[PDB]
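Here is the structure we will look at, set down as structure tokens.
All of the numbers you see were taken from the coordinates with simple rules; none came from a lab. Cβ: placed from backbone, ideal geometry, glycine included. Neighbour counts: every protein chain shown.
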Amino acid sequence: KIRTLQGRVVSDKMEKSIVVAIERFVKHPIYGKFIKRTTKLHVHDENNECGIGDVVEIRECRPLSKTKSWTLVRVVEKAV
Amino acid sequence: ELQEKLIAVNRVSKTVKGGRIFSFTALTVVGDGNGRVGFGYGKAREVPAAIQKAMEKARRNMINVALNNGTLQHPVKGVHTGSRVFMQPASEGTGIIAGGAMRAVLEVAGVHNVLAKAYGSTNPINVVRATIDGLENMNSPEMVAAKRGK
Amino acid sequence: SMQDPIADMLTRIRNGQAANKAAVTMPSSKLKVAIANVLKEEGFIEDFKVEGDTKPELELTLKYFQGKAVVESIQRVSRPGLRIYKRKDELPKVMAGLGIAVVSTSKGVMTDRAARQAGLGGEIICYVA
Amino acid sequence: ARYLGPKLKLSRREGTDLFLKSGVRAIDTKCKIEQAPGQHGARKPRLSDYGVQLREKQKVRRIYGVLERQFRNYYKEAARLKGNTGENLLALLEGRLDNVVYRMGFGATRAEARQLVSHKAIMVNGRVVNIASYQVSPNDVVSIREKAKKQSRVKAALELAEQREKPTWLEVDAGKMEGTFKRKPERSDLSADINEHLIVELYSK
Amino acid sequence: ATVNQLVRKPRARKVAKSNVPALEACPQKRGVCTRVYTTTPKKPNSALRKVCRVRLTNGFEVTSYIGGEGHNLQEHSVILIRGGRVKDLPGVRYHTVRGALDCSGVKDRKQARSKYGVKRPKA
Amino acid sequence: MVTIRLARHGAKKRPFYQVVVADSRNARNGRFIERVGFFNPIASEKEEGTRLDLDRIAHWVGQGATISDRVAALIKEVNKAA
RNA sequence: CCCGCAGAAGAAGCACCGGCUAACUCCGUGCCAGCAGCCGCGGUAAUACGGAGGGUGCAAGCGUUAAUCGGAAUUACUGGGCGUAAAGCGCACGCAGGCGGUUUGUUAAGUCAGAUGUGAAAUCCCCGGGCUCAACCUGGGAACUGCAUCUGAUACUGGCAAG
RNA sequence: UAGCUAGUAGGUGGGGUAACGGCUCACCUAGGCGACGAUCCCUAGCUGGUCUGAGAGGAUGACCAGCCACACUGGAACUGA
């Protein structure tokens with residue numbers, strides 16, 4: 001429980017690991033248009049229990065592999 | 001009792017068959033310390049008469065300005081034939097921070113404390129007019145309040 | 001309009017006033033009417049009335065104190081394509097306070113005189129002047 | 001620092017009497033006020049909208065003997081204060097010790113005040129000061145040290161002061177020959193024909 | 001101009017060439033003054049002027065004008081190139097300093113004496 | 001080795017010292033942790049020569065901080081005075 | 001730092017003067033020597049070159065070159081344009097992208113308010129203070145326009161649902 | 001510069017370090033990264049700050065301070081908190 005970065009899983013193929021893509025506004029610093037900047041970030045899912053395209057609630061953990069430092073706490077949407 | 005200030009002058013020419021006749025222009029600005037401007041522009045053949053004719057056409061077109069207390073009510077912006085002009089009221093004591101053709105119009109209208117700038121071509125003949133455009137488009141707090149509920 | 005139903009009403013107001021019309025009509029909204037109250041109570045316009053059920057059309061009854069119009073120049077600021085939001089202190093002043101702005105504050109749409117007294121910034125709908 | 005000055009071809013250019021010399025010099029009496037500063041005589045001066053603020057900026061600099069570096073420093077620390085920038089310039093030029101020792105009535109011209117100051121003679125708040133730029137704070141009590149109380153000058157130059165006007169922002173007890181810069185000078189009592197709103201545009205380019 | 005278009009590629013800066021390429025921020029440069037020209041200016045001018053190829057230190061060979069009230073150089077004297085283009089020759093855009101390195105001053109020259117290598121006749 | 005040494009900051013011939021809390025390994029005019037009071041060696045009642053904030057020094061000392069040499073005198077010259 | 005002893009005794013240059021820009025006269029030169037940031041000067045007076053006198057500006061400095069920003073709204077977010085001045089693809093279709101009518105409900109991501117931490121010190125600003133003044137040093141504040149967390153609002157934007 | 005990537009992305013186990021981790025080894029999965037600019041090339045220490053600018057911005061990063069990196073060029077490790 002830090003901020004539990006909601007995201008939409010991109011690719012649940014890879015073993016016990018997923019790719020969650022966070023989406024964010026940010027006002028463009030110099031032009032002022034609210035641009036949409038995605039934040040793709042590897043997530044360790046322990047059972048391959050989430051399918052592509054469902055919003056999950058992920059958390060910071062210690063590094064679990066080279067470039068895999070997030071695990072999810074709970075899923076709040078079904079893939080289809 | 002009116003103040004009067006010249007702006008510029010020109011060696012305007014003309015090609016006739018035989019020769020090349022020259023003229024002189026003398027745009028002028030006029031007011032008093034109370035927001036009146038008959039900015040003037042008068043042709044002749046030699047400068048003293050152009051200056052006099054511009055004083056004369058000047059002293060006429062007194063299109064009334066709405067001086068606040070020596071400055072502008074609010075940041076007017078003007079334009080006339082490719083010469084944009086920004087004006088903004090400034091603090092007391094701060095002089096006329098204004099360019100060339102605007103220094104004279106601002107001064108003679110009666111203003112003392114404003115800061116200005118011109119952005120298109122800086123041709124005096126049109127800066128003097130864009131400025132005065134802006135200064136007729138003033139809105140005093142008393143007359144904006146007049147045209148609706150104060 | 002097809003993508004800016006509010007700059008469209010502002011364009012109605014300051015096209016139908018160069019032509020010097022008494023009243024203008026347009027398809028209403030909730031935000032359009034929320035603006036129209038702030039316009040008509042700062043005296044920028046006489047009075048309005050919305051009417052219609054399938055097509056509730058807003059009609060403002062434009063005002064003018066001479067041949068000149070009371071509304072000098074309204075400016076659409078928060079365009080869809082560049083949304084502009086201000087805080088309670090960086091709220092714009094219009095003609096150094098003589099003219100009115102319209103912002104969407106958390107407690108509704110109002111001027112900036114009142115939303116600066118209320119201590120609550122908003123979303124700059126348009127400059128009214 | 002002071003550069004030994006242009007003498008009266010100084011005041012001849014500006015027209016008004018810029019006091020490098022004081023005595024019976026007010027009337028011509030070998031001054032030749034505006035006959036010619038030099039090569040050409042009374043040549044008509046076609047000064048541009050620029051020349052007529054250089055003229056007044058160097059009327060002010062050359063009343064007091066300030067220079068471009070000190071005058072621009074005065075400009076900047078007058079323009080960072082609060083209020084009328086021009087009256088701030090004249091205020092912080094009037095509070096200068098070189099000036100005040102003159103306005104006190106001591107000496108006869110601000111070159112004499114600048115020399116008395118530099119020669120330890122004027123001593124303010126009980127401790128000797130020989131910087132001419134010392135901004136005299138209000139309620140100070142300027143004096144003359146014992147060694148220079150009767151030196152040669154202030155006994156007579158003071159008598160060359162009562163016929164002159166009494167500056168009303170400081171009081172002069174000439175009988176005891178110590179003064180008190182009582183309060184801050186204002187524009188109104190600093191009765192000069194100096195237009196500040198030419199200088200301030202000169203510097204605010 | 002559309003703010004979206006500016007987002008998708010930034011409003012780019014305007015690049016500007018330096019006027020004096022062989023100096024590259026060095027206010028002066030030494031040279032060899034490898035030989036001397038006297039080529040005439042364009043049509044509007046006359047009075048053929050004194051320019052010299054220089055082998056600067058950094059390998060660039062350029063022409064430099066030898067202005068003054070008279071001339072004193074040679075064909076191997078080392079000179080100090082300065083910058084400050086001349087307006088007549090088709091590209092003599094360096095303007096040798098007078099009286100700093102082994103190039104003498106000017107003769108009997110009293111005014112603007114610092115811009116030339118002569119120094120205080122007793123006076 | 002947190003220390004409560006002094007850093008020399010004033011101009012030439014006129015040193016001004018901040019009573020700083022910093023570990024030993026840093027150069028005296030390098031990094032530090034907390035700045036608790038200053039010391040102006042000049043005298044003749046120009047101003048207060050020392051203001052020192054004794055409560056944070058007492059905290060740090062009780063936390064394992066070595067109160068240094070000159071500042072040790074600085075402490076009690078305040079307490080002896082007041 | 002203070003005090004005594006001298007005597008004005010040891011202490012003034014540099015650029016510039018045709019317009020832009022404060023400040024011109026005389027002579028020599030005669031498209032030559034030369035100048036020049038630009039305009040432009042020099043071919044019989046030339047306030048533009050060289051010299052003198054005079055003035056202007058700055059002053060233990062003052063000029064030139066180099067470099068950066070400004071002026072330049074001349075990359076324009078603030079703050080430009082595209083018929084003819086440079087500039088609308090030869091024309092369509094269209095993925096990604098960008099925008100999105102209207103009412104209600106919901107959320108509270110954008111947004112807004114407040115709060116809590118943090119944003120090193122010095123710099124910058126303000127009221128001071130100490131160096132005979134100032135540069136300089138220095139106390140306290142302000143400021144660091146940010147980030148993160150929390151608690152409210154819910155108009156507008158987004159999501160989800162119903163039209 | 002439009003494709004790059006095989007210990008390369010992940011998972012089992014060993015092994016390894018003060019410590020997690022392909023950090024290394026065997027094995028299996030066949031992924032990961034890329035138009036929201038990967039890979040490649042050129043230039044460059046980074047910041048508080050500095051100058052300039054009305055300001056947004058621009059240009060910089062000598063001094064002073066925080067972090068980093070190197071110590072004739074290139075490998076390695078010992079000793080030790």
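With a cut-off of at most 15 other beta carbons within 10 Å, and DSSP calling the residue loop, which GluC sites (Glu not before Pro) in the stretch D:116-205 qualify? Please list them.
Counting only loop positions with at most 15 other Cβ atoms within 10 Å, the GluC sites (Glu not before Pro) in the stretch D:116-205 are D:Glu159, D:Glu162, D:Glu165, D:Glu186.
Ranked highest first by average number of other Cβ atoms within 10 Å, how do C:9-17, D:41-49, E:1-9 line up?
C:9-17, E:1-9, D:41-49
Kirkwood hydrodynamic radius of the stretch D:94-181 from all distinct Cα pairs, in Å?
It works out to 12.4 Å.
Starting with the fewest neighbours, write out D:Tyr50, E:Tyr37 ranked by other beta-carbon atoms found within 10 Å of each beta-carbon.
Least to most surrounded, the residues fall as D:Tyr50, E:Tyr37.
Would you give the gap between the C-alpha center of the stretch D:36-94 and the C-alpha center of the stretch E:16-60, rounded to a whole Å?
44
Scan the stretch B:21-124 for GluC sites (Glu not before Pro) in coil per DSSP, keeping those whose Cβ has at most 11 other Cβ atoms within 10 Å, and list them by number.
Here the GluC sites (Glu not before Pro) that fit, given the DSSP loop and packing criteria, are B:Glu46.
Work out from phi, with θ = phi - 60° and the Karplus expression 6.51 cos²θ - 1.76 cosθ + 1.60, the ³J(HN,Hα) of each residue of the stretch C:9-23, listed in order in whole Hz, and give x for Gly and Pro.
5, 5, 5, 4, 5, 10, 9, x, 10, 4, 5, 6, 8, 6, 9
How large are Rg and Dmax for the stretch D:47-205 when only the alpha carbon atoms are used, in Å?
16.1, 52
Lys/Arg Cβ at +1, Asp/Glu Cβ at -1, dipole of chain A taken about the Cα centre: which of A:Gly32, A:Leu5, A:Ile22 is farthest positive-ward?
Highest projection toward the positive end goes to A:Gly32.
With respect to the cross-link table entries D:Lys21/D:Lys149; C:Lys63/C:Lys93; B:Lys43/E:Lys87, which display a Cα-Cα separation exceeding 28 Å?
Check vs 28 Å cut-off fails for B:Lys43/E:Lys87.
Quick one: putting +1 on the C-beta of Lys and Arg, -1 on the C-beta of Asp and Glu, what dipole do you get for the stretch C:1-71 around its Cα centre, in Debye to the nearest 20?
200
Report the dimensions of chain B along its three principal axes from the alpha-carbon atoms, largest first, rounded to Å.
67, 33, 32
From the C-alpha gyration tensor of the stretch D:130-189, pull out the three semi-axes of the equivalent ellipsoid (sqrt of 5λ each), sorted largest to smallest, in whole Å.
So the three semi-axes of the stretch D:130-189 are 21, 16, 10 Å.
F:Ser68's amide H: which non-local residues (gap 5+, or another chain) put their own amide H closer than 5 Å, with H modeled 1.01 Å from N in plane and none for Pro or chain starts?
F:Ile4, F:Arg5
So what's the back-of-envelope 222 nm ellipticity for the protein assembly as shown, counting only DSSP H runs of four-plus at -39500 (n - 2.57) apiece and dividing by all residues, rounded to 500?
Computed ellipticity for the protein assembly as shown at 222 nm equals -6000 deg cm²/dmol.
Stokes-Einstein D for chain C at 37 °C, 0.692 mPa s, Kirkwood Rh over Cα pairs, in µm²/s?
220
When you look at the Cβ of every residue in B:92-101, what mean number of other chain Cβ atoms sits within 10 Å?
What the average comes to for B:92-101 is 4.
Relative to the Cα centre, what is the charge dipole magnitude of the stretch D:145-192, using +1 at the beta carbon of each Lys and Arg, -1 at the beta carbon of each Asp and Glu, and rounding to the nearest 20 debye?
Result for the stretch D:145-192 is approximately 300 debye, rounded to the nearest 20.
So if I take the alpha carbon set of chain E, get Rg, then get Rh from the Kirkwood formula, what is the Rg over Rh ratio?
Using only Cα positions, Rg/Rh for chain E is 1.19.
Mind checking the angle between helix D:85-94 and chain D's longest principal axis? C-alpha axes, 0 to 90 degrees, to the nearest 10.
For helix D:85-94, the angle is close to 40 degrees.
How large are Rg and Dmax for the stretch C:72-129 when calculated on the C-alpha trace, in angstrom?
Spelled out, the Cα radius of gyration and Dmax of the stretch C:72-129 are 10.4, 30 Å.
Counting pairs of alpha carbon atoms under 8 Å apart in space and at least six apart in sequence, what relative contact order in percent does chain A give?
RCO, chain A: 31 percent.
Can you list which of the GluC sites (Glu not before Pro) found in the stretch A:1-51 are DSSP loop residues with at most 16 other C-beta atoms within 10 Å?
When the GluC sites (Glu not before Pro) of the stretch A:1-51 are filtered for loop state and at most 16 Cβ neighbours within 10 Å, A:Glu15, A:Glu46, A:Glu49 remain.
What's the long-distance tail for the protein assembly as shown, i.e. % of Cα pairs beyond 54 Å?
46
Along the positive direction of the dipole of the protein assembly as shown (beta-carbon charges: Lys, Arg +1; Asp, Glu -1; about the Cα centre), which of B:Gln3, E:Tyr37, E:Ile79 reaches farthest?
Projecting each Cα onto the dipole axis, the largest value belongs to E:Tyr37.
Taking the beta-carbon count within 10 Å as an exposure proxy, list C:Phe65, C:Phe44 from fewest neighbours to most.
Fewest-to-most Cβ neighbours within 10 Å comes out as C:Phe65, C:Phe44.
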